[PDB]
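This report refers to the structure that appears directly beneath it.
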Amino acid sequence: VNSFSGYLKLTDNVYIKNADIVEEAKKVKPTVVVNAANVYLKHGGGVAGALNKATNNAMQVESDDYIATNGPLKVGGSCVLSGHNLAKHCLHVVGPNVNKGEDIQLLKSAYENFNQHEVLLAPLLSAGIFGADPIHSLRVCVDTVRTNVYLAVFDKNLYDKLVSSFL
């Protein structure tokens with residue numbers, strides 16, 4: 001049994017809810033919240049900008065030190081950093097950004113990072129300002145992630161379309 005409330009069950013291991021991931025993280029304090037990161041961990045906008053704002057920029061400060069030591073992530077890759085006030089850990093995952101021309105096949109590799117964590121609160125990778133089709137992102141999630149994932153979808157309209165169209 002876990003703390004997550006109000007989710008619709010899509011499969012054995014994937015759950016979805018219309019929710020602000022920031023507000024959900026604040027309520028649940030999950031072991032892992034996933035960030036929709038870029039390779040530079042520059043948390044300017046979208047999910048990343050919202051998570052970082054909710055940490056009062058402490059996520060960005062920590063991220064800048066990570067990059068200064070390790071260099072950029074790979075598209076499809078991830079790193080584990082602090083969850084600050086939102087979660088125990090933040091898994092920063094880089095999905096491909098279609099608005100930069102990145103290979104959508106890298107979306108599966110991105111979701112494979114989730115399998116290193118038994119339970120996660122996450123957004124749909126490569127959705128929103130990363131430019132991918134969220135319906136596609138949800139299909140890749142279901143077909144790739146085997147651990148228990150609780151997906152937060154900010155937009156109510158999109159949430160209802162994801163559920164209604166789910167095979």
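Letters A, B, ... mark the chains of the structure tokens in the order given; residue numbers begin at 1 per chain; ligand numbers begin at 1, in order shown.
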Subject >> Residue neighbourhood residue A:95, 8 Å, only C-alpha atoms, exclusion window fewer than 3 positions, as a ChimeraX atom specification >> reply: /A:36-38,75-77,106-107,110,125-126,130
Go ahead and dump the residues you just picked, N, CA, C and O atoms, as an mmCIF file, in the first residue's frame.
```cif
data_model
loop_
_atom_site.group_PDB
_atom_site.id
_atom_site.type_symbol
_atom_site.label_atom_id
_atom_site.label_comp_id
_atom_site.auth_asym_id
_atom_site.auth_seq_id
_atom_site.Cartn_x
_atom_site.Cartn_y
_atom_site.Cartn_z
ATOM 1 N N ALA A 36 11.433 16.488 -15.698
ATOM 2 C CA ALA A 36 11.571 16.607 -17.160
ATOM 3 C C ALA A 36 12.756 17.502 -17.472
ATOM 4 O O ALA A 36 12.606 18.681 -17.772
ATOM 5 N N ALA A 37 13.947 16.947 -17.327
ATOM 6 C CA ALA A 37 15.198 17.698 -17.409
ATOM 7 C C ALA A 37 15.669 17.832 -18.848
ATOM 8 O O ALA A 37 15.296 17.100 -19.743
ATOM 9 N N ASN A 38 16.603 18.778 -19.035
ATOM 10 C CA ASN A 38 17.451 18.833 -20.234
ATOM 11 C C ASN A 38 18.887 18.463 -19.840
ATOM 12 O O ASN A 38 19.219 18.342 -18.681
ATOM 13 N N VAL A 75 20.989 12.761 -23.841
ATOM 14 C CA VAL A 75 19.559 12.596 -24.172
ATOM 15 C C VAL A 75 19.216 11.125 -23.991
ATOM 16 O O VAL A 75 19.898 10.260 -24.545
ATOM 17 N N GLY A 76 18.172 10.838 -23.207
ATOM 18 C CA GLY A 76 17.809 9.470 -22.819
ATOM 19 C C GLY A 76 18.388 9.116 -21.489
ATOM 20 O O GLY A 76 18.033 8.028 -20.965
ATOM 21 N N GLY A 77 19.264 9.910 -20.910
ATOM 22 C CA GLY A 77 19.907 9.583 -19.641
ATOM 23 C C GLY A 77 19.295 10.278 -18.457
ATOM 24 O O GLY A 77 18.247 10.928 -18.576
ATOM 25 N N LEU A 106 14.599 7.811 -28.675
ATOM 26 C CA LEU A 106 15.322 7.955 -27.404
ATOM 27 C C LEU A 106 14.322 8.039 -26.257
ATOM 28 O O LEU A 106 14.717 7.939 -25.144
ATOM 29 N N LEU A 107 13.016 8.177 -26.564
ATOM 30 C CA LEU A 107 12.041 8.241 -25.480
ATOM 31 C C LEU A 107 12.008 6.919 -24.692
ATOM 32 O O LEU A 107 11.850 6.942 -23.478
ATOM 33 N N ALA A 110 14.842 6.884 -22.305
ATOM 34 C CA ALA A 110 14.553 7.805 -21.193
ATOM 35 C C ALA A 110 13.713 7.085 -20.138
ATOM 36 O O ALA A 110 13.988 7.148 -18.963
ATOM 37 N N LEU A 125 7.188 11.969 -20.123
ATOM 38 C CA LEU A 125 8.439 12.432 -20.723
ATOM 39 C C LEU A 125 8.194 12.931 -22.121
ATOM 40 O O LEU A 125 7.432 12.357 -22.909
ATOM 41 N N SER A 126 8.919 13.974 -22.466
ATOM 42 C CA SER A 126 8.929 14.600 -23.793
ATOM 43 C C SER A 126 7.593 15.272 -24.115
ATOM 44 O O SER A 126 7.491 15.819 -25.245
ATOM 45 N N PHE A 130 8.533 19.949 -24.541
ATOM 46 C CA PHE A 130 9.478 19.092 -25.284
ATOM 47 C C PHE A 130 8.875 18.628 -26.606
ATOM 48 O O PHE A 130 9.616 18.006 -27.375
#
```
**OP:** Mind the document's chain letters and residue numbers, and return as a PyMOL selection string the residues of stretch 30-77 of chain A that DSSP labels alpha helix (DSSP H).
**Re:** chain A and resi 46-54+58-70
Pull the closest atom pair for each residue of stretch 35-62 of chain A that gets at most 12 Å from stretch 142-155 of chain A, along with the distance in Å to one decimal, counting only C-alpha atoms, ordering rows by chain and then ascending residue number, as CSV.
```
residue,atom,partner,partner_atom,distance
A:35,CA,A:152,CA,11.5
A:46,CA,A:154,CA,10.4
A:47,CA,A:154,CA,9.2
A:50,CA,A:154,CA,11.3
```
**OP:** Skip residue A:59 itself and residues of its chain fewer than 6 positions away, then list as an MDAnalysis selection string all residues within 12 Å of it, counting only C-alpha atoms.
**Re:** chainID A and resid 35 37 41:44 48:53 65:66 80:87 89:92
Pull the closest atom pair for each residue of stretch 2-65 of chain A that gets at most 12 Å from stretch 118-122 of chain A, along with the distance in Å to one decimal, counting only C-alpha atoms, ordering rows by chain and then ascending residue number, as CSV.
```
residue,atom,partner,partner_atom,distance
A:2,CA,A:119,CA,9.3
A:3,CA,A:119,CA,11.1
A:4,CA,A:121,CA,9.0
A:5,CA,A:121,CA,11.8
A:7,CA,A:121,CA,11.4
A:13,CA,A:119,CA,9.3
A:14,CA,A:120,CA,10.0
A:15,CA,A:121,CA,9.6
A:16,CA,A:122,CA,9.6
A:17,CA,A:121,CA,10.5
A:19,CA,A:122,CA,10.8
A:20,CA,A:122,CA,10.6
A:21,CA,A:122,CA,7.4
A:22,CA,A:121,CA,10.2
A:23,CA,A:121,CA,11.5
A:24,CA,A:121,CA,8.4
A:25,CA,A:121,CA,7.5
A:26,CA,A:121,CA,11.3
A:27,CA,A:121,CA,11.6
A:28,CA,A:121,CA,9.2
A:29,CA,A:121,CA,9.5
A:30,CA,A:121,CA,6.8
A:31,CA,A:120,CA,7.1
A:32,CA,A:120,CA,5.0
A:33,CA,A:121,CA,4.8
A:34,CA,A:122,CA,4.7
A:35,CA,A:122,CA,7.1
A:36,CA,A:122,CA,8.5
A:37,CA,A:122,CA,11.7
A:47,CA,A:122,CA,9.8
A:48,CA,A:122,CA,11.5
A:51,CA,A:122,CA,11.5
```
Output N, CA, C and O atoms of each residue in that selection to a file, as a compact mmCIF listing (two decimals), in the first residue's frame.
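So selection-v1.txt came out as:
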```txt
# COMPACT_ATOMS: atom_id res chain seq x y z
N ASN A 2 0.52 2.28 -0.76
CA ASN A 2 1.20 3.60 -0.71
C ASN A 2 0.15 4.72 -0.59
O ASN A 2 -1.07 4.45 -0.69
N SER A 3 0.69 5.94 -0.45
CA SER A 3 0.11 7.28 -0.16
C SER A 3 -0.60 7.89 -1.38
O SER A 3 -1.36 8.87 -1.23
N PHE A 4 -0.36 7.39 -2.58
CA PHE A 4 -0.91 8.07 -3.77
C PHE A 4 -2.44 7.92 -3.80
O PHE A 4 -2.93 6.78 -3.69
N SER A 5 -3.17 8.99 -4.06
CA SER A 5 -4.64 9.02 -3.94
C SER A 5 -5.29 9.56 -5.21
O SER A 5 -4.76 10.52 -5.81
N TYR A 7 -5.80 8.27 -8.21
CA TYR A 7 -5.27 7.87 -9.53
C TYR A 7 -6.20 6.88 -10.23
O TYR A 7 -6.82 5.99 -9.53
N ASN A 13 0.95 -1.69 -13.40
CA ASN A 13 1.98 -0.86 -12.73
C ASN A 13 1.90 0.63 -13.03
O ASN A 13 2.67 1.39 -12.40
N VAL A 14 1.02 1.08 -13.89
CA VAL A 14 0.96 2.49 -14.30
C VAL A 14 -0.39 3.06 -13.87
O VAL A 14 -1.46 2.49 -14.19
N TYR A 15 -0.31 4.22 -13.25
CA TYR A 15 -1.45 4.97 -12.69
C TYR A 15 -1.39 6.38 -13.22
O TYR A 15 -0.26 6.90 -13.49
N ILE A 16 -2.51 7.07 -13.34
CA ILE A 16 -2.53 8.44 -13.90
C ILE A 16 -3.52 9.31 -13.16
O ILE A 16 -4.63 8.82 -12.74
N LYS A 17 -3.22 10.59 -13.06
CA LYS A 17 -4.11 11.56 -12.38
C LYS A 17 -3.96 12.93 -13.02
O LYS A 17 -2.84 13.29 -13.45
N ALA A 19 -3.24 16.30 -12.18
CA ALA A 19 -2.66 16.96 -11.01
C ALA A 19 -1.43 17.74 -11.41
O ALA A 19 -0.81 17.44 -12.41
N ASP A 20 -1.18 18.76 -10.62
CA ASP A 20 0.04 19.58 -10.66
C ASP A 20 1.09 18.76 -9.92
O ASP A 20 0.95 18.53 -8.71
N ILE A 21 2.13 18.30 -10.63
CA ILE A 21 3.19 17.48 -10.02
C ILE A 21 3.85 18.15 -8.82
O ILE A 21 4.23 17.48 -7.89
N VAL A 22 3.95 19.47 -8.85
CA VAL A 22 4.51 20.23 -7.70
C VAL A 22 3.64 20.01 -6.46
O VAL A 22 4.14 19.68 -5.40
N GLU A 23 2.31 20.18 -6.62
CA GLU A 23 1.35 20.08 -5.50
C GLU A 23 1.27 18.62 -5.07
O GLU A 23 1.22 18.34 -3.89
N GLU A 24 1.36 17.70 -6.01
CA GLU A 24 1.33 16.29 -5.67
C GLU A 24 2.57 15.88 -4.87
O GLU A 24 2.52 15.14 -3.88
N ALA A 25 3.74 16.34 -5.33
CA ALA A 25 4.99 16.06 -4.60
C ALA A 25 4.92 16.62 -3.17
O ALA A 25 5.28 15.93 -2.22
N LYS A 26 4.48 17.86 -3.07
CA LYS A 26 4.37 18.51 -1.73
C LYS A 26 3.47 17.69 -0.80
O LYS A 26 3.86 17.45 0.37
N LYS A 27 2.40 17.12 -1.32
CA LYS A 27 1.42 16.35 -0.50
C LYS A 27 1.98 14.97 -0.14
O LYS A 27 1.97 14.59 1.06
N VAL A 28 2.50 14.22 -1.11
CA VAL A 28 2.91 12.82 -0.93
C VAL A 28 4.30 12.71 -0.33
O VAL A 28 4.56 11.77 0.38
N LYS A 29 5.24 13.59 -0.72
CA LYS A 29 6.68 13.45 -0.38
C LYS A 29 7.15 12.08 -0.82
O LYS A 29 7.69 11.27 -0.07
N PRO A 30 7.02 11.77 -2.12
CA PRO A 30 7.40 10.46 -2.61
C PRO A 30 8.90 10.25 -2.44
O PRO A 30 9.71 11.20 -2.36
N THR A 31 9.31 9.00 -2.45
CA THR A 31 10.73 8.64 -2.46
C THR A 31 11.40 9.29 -3.68
O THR A 31 12.53 9.76 -3.57
N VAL A 32 10.74 9.21 -4.85
CA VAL A 32 11.30 9.72 -6.13
C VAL A 32 10.26 10.58 -6.84
O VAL A 32 9.17 10.07 -7.16
N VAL A 33 10.62 11.82 -7.16
CA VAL A 33 9.89 12.61 -8.16
C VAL A 33 10.79 12.70 -9.39
O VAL A 33 12.01 12.95 -9.28
N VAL A 34 10.20 12.51 -10.54
CA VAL A 34 10.94 12.67 -11.82
C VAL A 34 10.81 14.10 -12.31
O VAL A 34 9.71 14.63 -12.38
N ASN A 35 11.94 14.66 -12.73
CA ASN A 35 11.97 15.94 -13.43
C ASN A 35 12.14 15.70 -14.92
O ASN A 35 12.91 14.83 -15.35
N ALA A 36 11.43 16.49 -15.70
CA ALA A 36 11.57 16.61 -17.16
C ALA A 36 12.76 17.50 -17.47
O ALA A 36 12.61 18.68 -17.77
N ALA A 37 13.95 16.95 -17.33
CA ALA A 37 15.20 17.70 -17.41
C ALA A 37 15.67 17.83 -18.85
O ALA A 37 15.30 17.10 -19.74
N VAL A 47 7.76 21.55 -16.61
CA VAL A 47 7.82 20.85 -15.33
C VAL A 47 9.10 21.27 -14.56
O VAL A 47 9.03 21.45 -13.34
N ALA A 48 10.23 21.32 -15.24
CA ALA A 48 11.49 21.61 -14.54
C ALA A 48 11.46 22.99 -13.89
O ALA A 48 11.87 23.16 -12.75
N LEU A 51 9.13 22.72 -10.82
CA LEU A 51 9.77 22.01 -9.67
C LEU A 51 10.85 22.90 -9.06
O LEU A 51 10.94 23.02 -7.83
```
Original post:
Which residues come within 12 Å of residue A:68, counting only C-alpha atoms, excluding same-chain residues fewer than 6 positions away, as a count of residues only?
Top reply: 4
Subject >> strand (DSSP E) per DSSP on the backbone: members of chain A, as a ChimeraX atom specification >> reply: /A:8-9,14-18,32-36,78-82,89-93,119-122,148-153
With the cut-off set at 9 Å and counting only C-alpha atoms, tabulate each residue of stretch 19-117 of chain A with an atom at most that distance from an atom of stretch 137-141 of chain A, showing the nearest atom pair and its distance in Å to one decimal, ordered by chain and increasing number, as JSON lines.
```
{"residue": "A:107", "atom": "CA", "partner": "A:140", "partner_atom": "CA", "distance": 7.3}
{"residue": "A:108", "atom": "CA", "partner": "A:140", "partner_atom": "CA", "distance": 6.1}
{"residue": "A:111", "atom": "CA", "partner": "A:141", "partner_atom": "CA", "distance": 6.2}
{"residue": "A:112", "atom": "CA", "partner": "A:141", "partner_atom": "CA", "distance": 8.7}
```
